[PDB]
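Sequence positions in the sequence shown follow the deposited numbering and run 54 to 124, 127 to 262, 267 to 317. Report on one structure; see the data block that follows.
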Amino acid sequence: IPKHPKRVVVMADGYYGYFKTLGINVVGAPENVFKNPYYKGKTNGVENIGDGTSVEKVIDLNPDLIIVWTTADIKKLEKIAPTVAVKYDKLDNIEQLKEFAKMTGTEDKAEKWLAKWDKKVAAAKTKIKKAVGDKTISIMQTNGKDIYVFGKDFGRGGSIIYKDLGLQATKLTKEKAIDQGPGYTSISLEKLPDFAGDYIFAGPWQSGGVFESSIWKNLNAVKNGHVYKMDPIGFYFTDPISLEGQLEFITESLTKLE
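Here it is in structure tokens:
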């Protein structure tokens, strides 16, 4: 595996932002990347798209390093250039950045951003606790008749809100989506008032008339205008860039004037 690679093709959408932070020039990325508001938003200049299968499309980018998930034809790829397989969700998240930093010889770029990150977390943590106190906050997405109430270990700003910001959740949400389940809980539209907190970040599971039901409109959070539209594509990833964009949205939402 090359240190300081000059041309990297990333077939695992969820890692693009990692190499971008480190500064490794990426020459190819899957479609998701060109759809994420935290990416195309300003970071796409030098890359080709794709879906993650067309081995031929990677050939025309003559990479010196390929990165793909284990969950594609690795052998075919290993032929093109040094290829690295990354078991999904194996590394923590800030660890996954230090793995890539070490792998590419850019540990200074990674430790630098971590320093910036913790300075942003700390600042927002104090700015938010001041504006919401111990008020509770929910995270949920809709998909047909099912409604998912996320915890801290399942993306959608969960680890940000319940760990980095130390914000509280309703007893039932901690009991079900945290201290117990696989990281989330699918509930019925009836039990919504039982989970719903003071503030809510709701949105579709991807781009079921729940935001129409009389039971949702009647929730205290919505009545007090404390519900914020969560973009499913933006909260899809948890890379350094997306995390920054997500923490900005979380903070702004929870502190804008009423």
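The beta carbon of each residue, even a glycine, is placed where N, CA and C say it ideally should be.
Nearest in C-alpha terms to residue 78, of all of 150, 114, 127 and 91, is 114. As summarised for the region 278-308, the continuous alpha helix (DSSP H) elements at least 4 residues long and confined to that stretch are 279-282, given in chain order.
By DSSP's assignment, residue 137 forms no beta bridge with any residue. Following the DSSP letters along the chain, one finds residue 195 inside the beta strand (DSSP E) bounded by residues 192-198.
Sequence-distant Cβ neighbours of residue 272 in its own chain, meaning closer than 7 Å and more than five residues away, are 244. According to DSSP, residue pairing for residue 61 in a beta bridge involves 79 and 118.
When DSSP states are grouped into helix, strand and coil, residue 250 belongs to the helix group. The residues 189 and 191, in chain order, have a CB closer than 6 Å to that of residue 223 in the same chain once the five nearest residues on each side in sequence are set aside. With respect to the C-alpha of residue 95, the residue from 57, 56, 70 and 107 having the closest C-alpha is 70.
Contact between residue 105 and residue 196 is absent: CB atoms are separated by about 24 Å, not below the 8 Å threshold. Nearest neighbour of residue 81 by Cα position, chosen from 58, 177, 89 and 116, turns out to be 116.
DSSP places residue 187 inside the alpha helix (DSSP H), whose first and last residues are 162-187. In this structure, residue 215 keeps its C-beta atom at 7 Å or more from the C-beta atom of residue 89. The beta-carbon separation of residue 111 and residue 135, rounded to 6 Å, stays under the 8 Å limit for a contact. Boundaries of the beta strand (DSSP E) around residue 240: 239-242. Using a C-beta cut-off of 8 Å, the region 223-240 makes no contact with the region 159-171, since fewer than three inter-stretch Cβ pairs fall below that distance. By DSSP's assignment, residue 204 forms a beta bridge with 195 and 240. In the structure shown, the three-state DSSP call for residue 233 is helix. Within the same chain, Cβ atoms closer than 7 Å to the Cβ of residue 212 are found at 194, 256, 294, 305 and 309, the five residues on either side in sequence being excluded. For residue 150, the enclosing alpha helix (DSSP H) begins and ends at 150-159. Nearest to residue 231 by C-alpha distance, out of 219, 221 and 209, is 209. Boundaries of the alpha helix (DSSP H) harbouring residue 273: 273-276, taken from the DSSP string. Distance from the CA of residue 183 to the CA of residue 299, rounded to the nearest whole angstrom, comes to 21 Å.
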